[PDB]
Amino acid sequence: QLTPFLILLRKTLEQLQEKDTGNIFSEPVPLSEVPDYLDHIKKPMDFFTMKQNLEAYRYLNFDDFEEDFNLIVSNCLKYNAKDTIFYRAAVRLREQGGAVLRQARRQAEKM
């Protein structure tokens, strides 16, 4: 059932965004500040874009939702040098997001 699944994904997305304590992943990487970003990153992702995708019915199973969270992280590791707060924040986001995604998947796989 689409409606309760979307409610679950909204809740899960809020839980993931609460882990972004640096407010680093909440909106697209701004090309005005990072002009070469697209030379390197084929599919940019961020929590605002995930919210738009959610309401546009782009996530119809948990896997596709989790895939895009994982892209937030992997894009950041790929673009930024290891010594940067951006890279380190992405490592932390992955670590903190794990439990959120694990629990939410079980709730989805009860439906």
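Rigid core (definition): largest C-alpha set, two forms, superposition within 1.5 Å. So that there is no doubt, residue numbering starts at 1 and follows the sequence shown.
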Aligning on the core, I want to see which stretch wanders more in 7 other deposited structures of this protein. Is it 30-38 or 44-52 by C-alpha RMS? 30-38
Comparing 19-27 with 85-93, the higher average Cα temperature factor in the PDB entry belongs to 19-27
Mean temperature factor over C-alpha atoms, higher-scoring stretch between 52-60 and 68-76: 52-60
Among all modelled residues of this chain, ranked by Cα B factor, put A104 in the bottom, middle or top third, i.e. lowest, middle or highest. lowest
